[PDB]
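Notes follow the structure.
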Amino acid sequence: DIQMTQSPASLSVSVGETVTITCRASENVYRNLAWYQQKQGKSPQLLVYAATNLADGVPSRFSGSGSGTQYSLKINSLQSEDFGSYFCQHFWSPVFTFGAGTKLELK
Amino acid sequence: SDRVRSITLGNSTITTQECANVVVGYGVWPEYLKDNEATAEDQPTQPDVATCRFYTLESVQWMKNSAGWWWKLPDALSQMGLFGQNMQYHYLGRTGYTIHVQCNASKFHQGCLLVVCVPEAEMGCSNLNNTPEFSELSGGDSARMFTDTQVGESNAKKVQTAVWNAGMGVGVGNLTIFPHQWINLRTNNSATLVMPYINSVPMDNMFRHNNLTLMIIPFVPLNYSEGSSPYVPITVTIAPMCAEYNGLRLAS
Amino acid sequence: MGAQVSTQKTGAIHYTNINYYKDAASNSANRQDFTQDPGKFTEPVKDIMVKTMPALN
Amino acid sequence: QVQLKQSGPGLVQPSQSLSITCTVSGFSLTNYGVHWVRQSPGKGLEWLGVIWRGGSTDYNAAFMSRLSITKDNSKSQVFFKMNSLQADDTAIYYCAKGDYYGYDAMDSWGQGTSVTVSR
Amino acid sequence: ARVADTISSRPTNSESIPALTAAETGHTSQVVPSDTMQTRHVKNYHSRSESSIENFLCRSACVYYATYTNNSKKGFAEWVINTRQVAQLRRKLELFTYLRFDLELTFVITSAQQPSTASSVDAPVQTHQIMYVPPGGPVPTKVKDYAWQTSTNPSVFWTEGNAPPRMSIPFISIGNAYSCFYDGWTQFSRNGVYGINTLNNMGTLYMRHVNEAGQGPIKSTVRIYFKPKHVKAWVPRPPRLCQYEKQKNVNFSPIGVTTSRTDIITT
Amino acid sequence: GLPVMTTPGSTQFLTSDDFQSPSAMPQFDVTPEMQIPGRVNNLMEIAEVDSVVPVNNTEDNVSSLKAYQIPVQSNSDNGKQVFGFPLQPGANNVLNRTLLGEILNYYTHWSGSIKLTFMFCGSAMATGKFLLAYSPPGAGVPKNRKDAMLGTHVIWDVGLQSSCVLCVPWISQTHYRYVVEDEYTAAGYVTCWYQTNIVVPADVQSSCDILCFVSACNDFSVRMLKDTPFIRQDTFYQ
């Protein structure tokens, strides 16, 4: 099948700066990627679908881009309620595989 | 003025205050079946006040990054009142439609739709060996949506919904040869199409043949500055015209 | 019973044609029925609009 | 609008069967498909199986001989069944609907039941 | 069918606006070049004769070819009749939704010698038989069969070296027009097959050698040519952009609308 | 025993002949005709229907709906160019795959005028004026507004009617022109320039889009039917 290698595995940043989380597929998925955000001990929420589009209630700090095999997610101004985990999960082909995981301590 | 219409069918009335002209078929108006072209020998049922009225489908939301929608509509009206009851007890049936897509916004929004109504739209599947199933082709009074990506092929049975190929393998720019109108939010406010019965047989079964497809594709996407209303819906009202049925049987 | 479909395709002369078989699906091709009506694909509009007038009043 | 929720057994003996029933609300099973995702503390997130809106199912490769997902359109419920329940299945199981505007993404997830395979 | 000619124009200053229109009405502008500039009076003698429906479609095109070996068991060809195995005739017929024409068949039969082992191989001229079986009739299963009597099935006999054989077939259908597209299923439960194969019941075409295997095997090849006559067409359609993949359906792979250039202002 | 003599050209198979041939099914009763709406009598009325042309090919917009949209913004200088492409409706990849360019690739010669309908798909409070120029060949493509104003042009004012039709004329030495890329029978260039700026009020998006259509006039003609280069096949489909 196809693996999703996500980098970096962890981050330590403060409130108000610009970060960038990337994840790379094994082969081409044609912009079939979805980004999620999970806080401590609840279900993951959909954040960015189809590698560019924003969800219903997600504010415009989040921005996703990429094409082909290399994709990324960018927050221009990080805020106090936006820590947690982030995964990328392609829906190009069964079996769907999730990302490894990133962690934001917000130090 | 040339911007106001009033359409009255049965016990319903659709009015509009700014609009373009109405496009009618390939030049013909929907009428009944003559005796030169008839092939059945039983007398048809023409209720013509109970089924020739405006049925309003469900509304969809026009987001900024939206791709398109499609209905089928011998099938989208299969649960709507007495039109959906005569389709069940009868074996044959012919009809013509009038379609009214309506979508309003202020003077500070911008966008442009393409309201086209194509006959005999065969759709292509994502998996190259199979044909798409029924629930992925059409929903009863619920829109199926295009995407702007490429649908994967290892799914079981799914329609290829790449919007630039319009699902049928043709260029999406060349869809203007069918009867069509544009809803330009600068000037226009609603589109109206009157379609006759287009088929190679004088009557056909209505549960295994969808001889039309109404597609709505945004060419120039919705955009507005911050402060304007972000929720812009689209509503479609369809009304059959000159409907008749043959072959009365059990319910199915 | 020779049919005279005379006018050949000339630029800017007669020819003969006799049918021999009993089925109408065995004649030659038509090739000379020039008919045009583009008003059903270009102007499929209920209310006719004049060229010189503005389209939206 | 309120959405789907589940109810599971919680604690299961090894080499047994597991069954969580995820019931929905606010929509129909004739328009959306429900996925099944396993959140594991050691192996991370993984996708188990899905039942589409047409009724056909599609399972993972490693969980092929053990998974079986069915549904009922009238009662608006889906059923899942895994068998033989080995030691690494101590995780929390989610049900989540698909087809986010035709894009096959998960929009809303269940509350998740945490299962344990041990004695 | 002469085209319209341009008339002379004058400099104008009025309130009449031929250029400004509204494209939202779904109505193409009917303007001429004598409305936005000054034109001289030229009379056109050009004709639209070669762009007609009859002159566009009534040309012979191959649809299929199959081989069969004389000195071999399983040697005879069969072909269910359909016009969607080639790419160039399928694209021409799919510009319209409904068609109604009369066909005109032509077969081009060739032969080739196979590597036998006998010395001084000498064979006479060969004879071929092409039998057409309507849907429902009995079919042959070998070369020496009872079904090649053709008591009611039409068939043709042809020896090598002469002109190619040629028949003519009227409009055979159940409906009132041939249907190139069909958005529907076969069963009333909306299961099973979906597409254009619900209407494909034109029949089968069986080909065989007549002569016995004398001393050396001979492998023949017959090509079938379709040619529509008396054509009527309804409901035009945008032409096919992506490549064809299968015969039974319209499955495809997505592709761009055009080939790209380096800029928007480049030439 | 009437004496005849067989001329050259006997027992041949020419694929464009009109001869009679014996019927295979005699006295066959056809299915009677029926008035189906939308009968096409000639291929020169399919080409008279307008179709959106993909002007904006930039190597990644061809697999999107951004190929048809021409970006127009509120500038800060005078006389910027909007687009530009040569006028070759059978060889140039802008007008190649439209509804007009897909019929011309079945033929070899063509002659007549071409309409080019634009539509301002912007806001309701935005204004602007544009220049729609067509330059005959012989010189290069015009690079200024002063160079392009000397050809056949029109000035379009955006307003209540949101469409303008630039109709290029038939200016040539020969009665016909080749569909394929030829240097002897070139046809010219079509450009577009800002006349004045695009002025918007407050709280309006200043990035509007423009669609463009293409069709044929009532004196368009084609000749010498050939086969198309857009389709391809390796084996038989099964």
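Using ideal geometry, Cβ is built from the backbone for each residue, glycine included, and neighbour counts are taken over all protein chains shown. Read the figures in this text as sums done on the coordinates, not as results from a lab.
Scanning for something acidic (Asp, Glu) and under 30 Å from residue C:56 (Cβ atoms), does segment F:142-155 turn up at least one residue? So that I can check it myself, show each step before the final result.
Here is the first cut: in segment F:142-155, the residues acidic (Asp, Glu) are F:147.
Next cut, under 30 Å from residue C:56 (Cβ atoms) only: none.
Scanning segment F:142-155, I find no residue that is acidic (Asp, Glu) and under 30 Å from residue C:56 (Cβ atoms), so the answer is no.
I need a count of the residues in segment B:131-170 that are polar (S, T, N, Q), facing chain D (nearest Cβ under 7 Å) and in a loop (DSSP other than H, G, I, E, B).
Counting residues in segment B:131-170 that are polar (S, T, N, Q), facing chain D (nearest Cβ under 7 Å) and in a loop (DSSP other than H, G, I, E, B) gives 2.
Within segment D:69-87, identify whether any single residue is within 14 Å of chain A (Cβ to nearest Cβ) and more than 21 Å from residue A:36 (Cα to Cα), and answer yes or no.
So far as segment D:69-87 goes, yes, one or more of its residues are within 14 Å of chain A (Cβ to nearest Cβ) and more than 21 Å from residue A:36 (Cα to Cα).
Condition first: in contact with a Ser or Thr (Cβ under 9 Å, 6 or more places away or on another chain) and either surrounded by fewer than 16 Cβ atoms within 10 Å (Cβ to Cβ) or of a type in the set (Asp, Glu) (or both). Now tell me which residues in segment F:128-139 satisfy that.
F:129
Can you say whether residue E:13 is part of a loop (DSSP other than H, G, I, E, B) and in contact with an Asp or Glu (Cβ under 8 Å, 6 or more places away or on another chain), as far as the supplied structure shows? Give the derivation first.
Values: part of a loop (DSSP other than H, G, I, E, B): yes; in contact with an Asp or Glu (Cβ under 8 Å, 6 or more places away or on another chain): no.
Taking the combined requirement at face value, the residue does not satisfy it.
Provide a single number: the residues in segment A:65-107 that are farther than 30 Å from residue D:60 by Cβ, within 11 Å of the chain's Cα centre (by Cα) and of a type in the set (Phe, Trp, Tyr).
0
Looking at the structure I just gave you, is residue F:235 over 24 Å from the mean Cα position of the chain (by Cα), of a type in the set (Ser, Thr, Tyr), more than 8 Å from chain E (Cβ to nearest Cβ) and assigned to a loop (DSSP other than H, G, I, E, B)?
yes
On the basis of being closer than 23 Å to residue E:261 by Cα, more than 7 Å from chain E (Cβ to nearest Cβ) and not hydroxyl-bearing (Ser, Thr, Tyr), does residue F:20 make the cut?
no
Taking the conditions exactly as written (surrounded by fewer than 20 Cβ atoms within 10 Å (Cβ to Cβ), within 14 Å of chain A (Cβ to nearest Cβ) and under 26 Å from residue A:55 (Cβ atoms)), does residue D:40 satisfy them or not?
Values: surrounded by fewer than 20 Cβ atoms within 10 Å (Cβ to Cβ): yes; within 14 Å of chain A (Cβ to nearest Cβ): yes; under 26 Å from residue A:55 (Cβ atoms): yes.
So residue D:40 passes the test.
Could you count how many residues in segment A:35-61 are part of a loop (DSSP other than H, G, I, E, B) and either at the interface with chain D (Cβ under 8 Å from one of its Cβ atoms) or more than 15 Å from residue A:103 (Cα to Cα) (or both)?
Narrowing segment A:35-61 to residues part of a loop (DSSP other than H, G, I, E, B): A:39-44, A:50-52, A:55-61.
This time we only want the ones that are either at the interface with chain D (Cβ under 8 Å from one of its Cβ atoms) or more than 15 Å from residue A:103 (Cα to Cα) (or both), so: A:42-44, A:50-52, A:55-61.
Final tally of qualifying residues: 13.
Please note which strands (runs of 3 or more DSSP E) are completely contained in segment A:62-107 and include at least 1 residues that are under 30 Å from residue D:57 (Cβ atoms).
Hits in segment A:62-107: A:70-75, A:84-90.
Among the residues of segment B:212-230, how many are within 7 Å of another protein chain (Cβ to nearest Cβ) and either in contact with an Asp or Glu (Cβ under 7 Å, 6 or more places away or on another chain) or assigned to a strand (DSSP E or B) (or both)?
Qualifying residue count, segment B:212-230: 5.
How many residues, within segment E:51-74, are over 18 Å from residue E:166 (Cβ atoms), in contact with a strand residue (DSSP E or B) (Cβ under 8 Å, 6 or more places away or on another chain) and surrounded by fewer than 19 Cβ atoms within 10 Å (Cβ to Cβ)?
4
Quick check on this structure: which one of C:45, C:5 is of a type in the set (A, V, I, L, M, F, W, C), surrounded by 10 or more Cβ atoms within 10 Å (Cβ to Cβ), in contact with a strand residue (DSSP E or B) (Cβ under 7 Å, 6 or more places away or on another chain) and farther than 30 Å from residue B:6 by Cβ? It would help to see each step written out before you state the result.
Details: C:45 fails: farther than 30 Å from residue B:6 by Cβ.
Only one candidate passes the filter, namely C:5.
Given the options F:212, F:121, name the one that is more than 19 Å from residue E:6 (Cβ to Cβ), within 14 Å of chain B (Cβ to nearest Cβ), touching a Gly at 6+ places or on another chain (Cβ under 8 Å) and buried (at least 21 other Cβ atoms within 10 Å of the Cβ).
Within the list F:212, F:121, the selection yields F:121.
Of the numbered conditions (1) more than 29 Å from residue D:5 (Cα to Cα); (2) in contact with a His (Cβ under 7 Å, 6 or more places away or on another chain), residue A:32 fails exactly one; give the number of that condition.
(1)
Return the residue satisfying two criteria in turn: it lies in segment D:99-113 and is within 12 Å of the chain's Cα centre (by Cα) and not hydroxyl-bearing (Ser, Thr, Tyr), and of such residues it is nearest to the other protein chains (Cβ to nearest Cβ).
Among residues in segment D:99-113 that are within 12 Å of the chain's Cα centre (by Cα) and not hydroxyl-bearing (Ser, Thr, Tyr), the one nearest to the other protein chains (Cβ to nearest Cβ) is D:109.
Take the residues in segment B:177-210 that are within 8 Å of chain E (Cβ to nearest Cβ), of a type outside the set (A, V, I, L, M, F, W, C) and surrounded by fewer than 22 Cβ atoms within 10 Å (Cβ to Cβ), then tell me which one is farthest from residue E:190 (Cα to Cα).
B:180
Against the conditions (1) facing chain F (nearest Cβ under 10 Å); (2) outside any loop (DSSP other than H, G, I, E, B); (3) farther than 24 Å from residue E:155 by Cβ; (4) not charged (D, E, K, R), where does residue E:99 fall short? Just the number, please.
The number of the failed condition is (1).
Specify which of the listed residues (D:102, D:54, D:49) is touching a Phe, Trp or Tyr at 6+ places or on another chain (Cβ under 8 Å), assigned to a loop (DSSP other than H, G, I, E, B) and crowded, with 19+ Cβ neighbours inside 10 Å.
None of the other options fit; the residue is D:102.
Condition first: among the polar types (S, T, N, Q), under 30 Å from residue B:185 (Cβ atoms) and within 14 Å of chain B (Cβ to nearest Cβ). Can you find one or more residues in segment F:186-201 that meet it?
no
Just one of the numbered conditions (1) surrounded by fewer than 19 Cβ atoms within 10 Å (Cβ to Cβ); (2) farther than 24 Å from residue E:32 by Cβ; (3) more than 7 Å from every other protein chain (Cβ to nearest Cβ) is not true of residue F:28; which one?
Result: residue F:28 fails condition (3) only.
Out of E:54, E:50, which single residue is more than 26 Å from residue E:246 (Cβ to Cβ) and not in a helix (DSSP H, G or I)?
Of E:54, E:50, the one residue that is more than 26 Å from residue E:246 (Cβ to Cβ) and not in a helix (DSSP H, G or I) is E:50.
Residues in segment F:47-89 that are at the interface with chain E (Cβ under 7 Å from one of its Cβ atoms) and among the hydroxyl-bearing types (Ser, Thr, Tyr): how many?
Residues in segment F:47-89 being at the interface with chain E (Cβ under 7 Å from one of its Cβ atoms) and among the hydroxyl-bearing types (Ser, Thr, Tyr): 2 in total.
Could you check segment E:1-42 and list, in sequence order, the residues that are basic (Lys, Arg) and more than 10 Å from chain C (Cβ to nearest Cβ)?
The first filter runs over segment E:1-42 and keeps only residues basic (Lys, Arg), leaving E:2, E:10, E:40.
Answer for segment E:1-42, where residues must be basic (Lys, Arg) and more than 10 Å from chain C (Cβ to nearest Cβ): E:10, E:40.
Looking at (1) at the interface with chain F (Cβ under 8 Å from one of its Cβ atoms); (2) among the charged types (D, E, K, R); (3) under 21 Å from residue E:202 (Cβ atoms), which is the only condition residue E:78 fails?
Here residue E:78 meets the rest and fails (1).
Strands (runs of 3 or more DSSP E) wholly in segment E:139-253 with at least 2 residues that are within 14 Å of chain C (Cβ to nearest Cβ) and at negative phi - which ones?
E:229-236
Check segment F:132-142 and report whether any residue there is within 14 Å of chain B (Cβ to nearest Cβ) and polar (S, T, N, Q).
For segment F:132-142, residues within 14 Å of chain B (Cβ to nearest Cβ) and polar (S, T, N, Q): absent.
For segment A:83-107, how many residues are within 11 Å of chain D (Cβ to nearest Cβ), surrounded by fewer than 22 Cβ atoms within 10 Å (Cβ to Cβ) and more than 18 Å from residue D:39 (Cβ to Cβ)?
2
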